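Right, one structure below, let's go through it.
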Ligand SMILES: *[C@@H](C)/C=N/c1c(NC[C@H](O)[C@H](O)[C@H](O)CO)[nH]c(=O)[nH]c1=O
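Protein chains in written order, with the numbering used here: chain A, 1 to 96; chain B, 97 to 351.
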């Protein structure tokens, strides 16, 4: 019995183009703990990406938050790429 | 005061990947990590500045030794479970201990174990017994229930010790844990969105002509914003209004 991660991609503050913010990717409800998370900018992986330590839910599943400082623009497309034993291929979730 | 809680988790992994620790134990006061321990660092370390500032090296030194022991115990207990399950490969073992101090002054205490992320053994501190999910859990239940004094010890820890630690940690973290940051709520095309609030506990709903109908509503998760605050949403001729409840303040946004 393995649980697939829920992936949520949102900004810290309501986004305004040209205004510095943080892009968050909240990965949760997954089991087992082994997980790979990458933040993408125009399909390419972002190097300066920070994350929380693996966290524990009362339902026995785990969660983490991956974030990067960014200045949204009309042109730039952002996404969160996740891999877990429950996934055949890595899952790319786009930011609205 | 609002409802507060103290929880400690333990995670044991048999056969881990290169790097991944065999054992991790983390403590929380509500949504806040307070302490951490793993089989790689082999040290109990603070996860909140108000824990670091309020507990002397002696505390961290003592508990580092206890966690080294608790780590070994978890290895042996997982070995027993995997053998009796007759399982191969990497399997998980988890423990969650904790308590809550409710707004009314009443308390709760809990202790449970899981194998492969599923409920395995659940302690009942009122009947001093362990609820077993299957025969492997039933074999362990009989062994733990044969040590009557440990069940008594556990009842006392959950009811007395745990509460005292929680009250102590609440005072240390008061500026963080007892504060209120009201939400900023907006309605857009229908989406009701809130952000910048603390504590994470909020209720958001949509009313169609002053009647709820919770089935016709899609609720978003309470998500960490990354700055110590949270965000959430709820989506849906009739009159629609968004209702937001946070720390004893009710809010209405008419559309
Ligand atoms: C620092 C105090 C870390 N403690 C810690 C504990 N402590 C709680 C309690 O004494 C313990 O759970 C006993 O087993 C209860 O009978 N527990 C834990 O799982 N992790 C910790 O890091």
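We treat Cβ as the ideally placed atom computed from N, Cα and C, and that holds for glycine.
For this session: Using a threshold of 9 Å, state whether the C-beta atoms of residue 321 of chain B and residue 70 of chain A are closer than that.
Result: no
For this session: For my contact list, residue 9 of chain A and residue 95 of chain A are in at a C-beta cut-off of 8 Å; report their separation, rounded to the angstrom.
Result: 4 Å
For this session: Report yes if the C-beta distance between residue 136 of chain A and residue 67 of chain A is below 9 Å; otherwise report no.
Result: For chain A, the structure presents residues 1 to 96; residue 136 of chain A sits outside this window and is missing.
For this session: With a 10 Å radius around its C-beta and 16 neighbouring C-beta atoms as the bar for buried, classify residue 87 of chain A as buried or exposed.
Result: By the neighbour-count criterion, in which a residue is buried when 16 or more other Cβ atoms sit within 10 angstroms of its Cβ, residue 87 of chain A is exposed.
Exercise. Helix, strand or coil: which one does DSSP assign to residue 236 of chain B?
Worked result: helix
Exercise. Residue 188 of chain B: buried (16+ other C-beta within 10 angstroms of its C-beta) or exposed?
Worked result: buried
For this session: Could you list the residues in the region 302 to 324 of chain B with a C-beta less than 9 Å from some C-beta on chain A, going in chain order?
Result: Cβ contacts with chain A: 316, 317, 319, 320, 321, 322, 323.
Problem set entry | Where residue 47 of chain A sits in the DSSP three-state scheme | coil
Exercise. Does the separation of the CB atoms of residue 17 of chain A and residue 90 of chain A fall below 9 Å?
Worked result: no
Exercise. Along the region 208 to 222 of chain B, what residues have a CB closer than 7 Å to any CB found in chain A?
Worked result: 210, 212, 213, 214
Exercise. Buried or exposed: where does residue 291 of chain B fall if 16 or more other Cβ atoms within 10 Å of its Cβ makes it buried?
Worked result: buried
Exercise. Does the count of Cβ pairs from the region 231 to 251 of chain B and the region 313 to 330 of chain B closer than 8 Å reach three?
Worked result: Three or more Cβ pairs closer than 8 Å define a contact, and the region 231 to 251 of chain B falls short of that threshold against the region 313 to 330 of chain B.
For this session: Using 8 Å as the cut-off, classify the Cβ of residue 166 of chain B as near or not near the heavy atoms of ligand 1, replying yes or no.
Result: yes
Exercise. Nearest to residue 121 of chain B by alpha carbon, out of B:106, B:114, B:284?
Worked result: Nearest of B:106, B:114, B:284 to residue 121 of chain B, Cα basis: B:106.
Exercise. For a contact meaning CB atoms closer than 7 Å, what does residue 105 of chain B contact in chain A?
Worked result: 56
For this session: With 9 Å as the threshold, decide whether the Cβ of residue 12 of chain A is near any Cβ in chain B.
Result: yes
Problem set entry | Contacts that residue 33 of chain A makes with chain B (C-beta to C-beta distance below 9 Å) | 107, 109, 116, 120, 188
Exercise. Using the beta-carbon of each residue, which ones in chain B are nearer than 8 Å to residue 53 of chain A?
Worked result: 122, 129, 132, 143
For this session: Examine chain A for any beta-carbon lying closer than 9 Å to the beta-carbon of residue 282 of chain B, and answer yes or no.
Result: yes
Exercise. How is residue 147 of chain B classed by DSSP in three states: helix, strand or coil?
Worked result: DSSP places residue 147 of chain B in the helix class (H, G or I) of the three-state scheme.
Exercise. Mapping DSSP to helix, strand and coil, what is residue 271 of chain B?
Worked result: The answer is helix: DSSP assigns residue 271 of chain B an H, G or I state.
Exercise. Would residue 6 of chain A count as contacting chain B if we go by Cβ distances under 9 Å?
Worked result: yes
Exercise. At a Cβ cut of 8 Å, what residues of the region 236 to 263 of chain B count as close to chain A, listed as they run along the chain?
Worked result: none
Exercise. Is there contact between the region 98 to 118 of chain B and the region 184 to 198 of chain B, where contact requires at least three CB pairs shorter than 8 Å?
Worked result: yes
Exercise. How would the residue list near ligand 1 read, in chain order, if you kept each one whose beta-carbon is closer than 6 Å to any heavy atom?
Worked result: B:104, B:106, B:121, B:123, B:131, B:133, B:140, B:159, B:163, B:193, B:250, B:253
Exercise. Going by other Cβ atoms of all chains shown within 10 Å of its Cβ, with 16 needed for buried, is residue 97 of chain B buried or exposed?
Worked result: Classification of residue 97 of chain B: exposed, given that the 10 Å Cβ count is below 16.
Exercise. From which residue to which residue does the beta strand (DSSP E) around residue 90 of chain A run?
Worked result: Where residue 90 of chain A is concerned, there is no enclosing beta strand (DSSP E), given that its DSSP letter is neither H nor E.
For this session: Report yes or no: do the region 299 to 308 of chain B and the region 326 to 334 of chain B share at least 3 C-beta pairs separated by less than 8 Å?
Result: With the cut-off at 8 Å, the region 299 to 308 of chain B and the region 326 to 334 of chain B touch.
Exercise. Is it true that the CB of residue 236 of chain B sits closer than 9 Å to the CB of residue 224 of chain B?
Worked result: no
Problem set entry | Coil, strand or helix - residue 302 of chain B by DSSP | strand
Exercise. When you compare each of B:191, B:129, B:340 to residue 167 of chain B by their alpha carbons, which one comes out closest?
Worked result: B:191
Problem set entry | Closest residue to residue 127 of chain B among B:341, B:118, B:295 (Cα-Cα distance) | B:295
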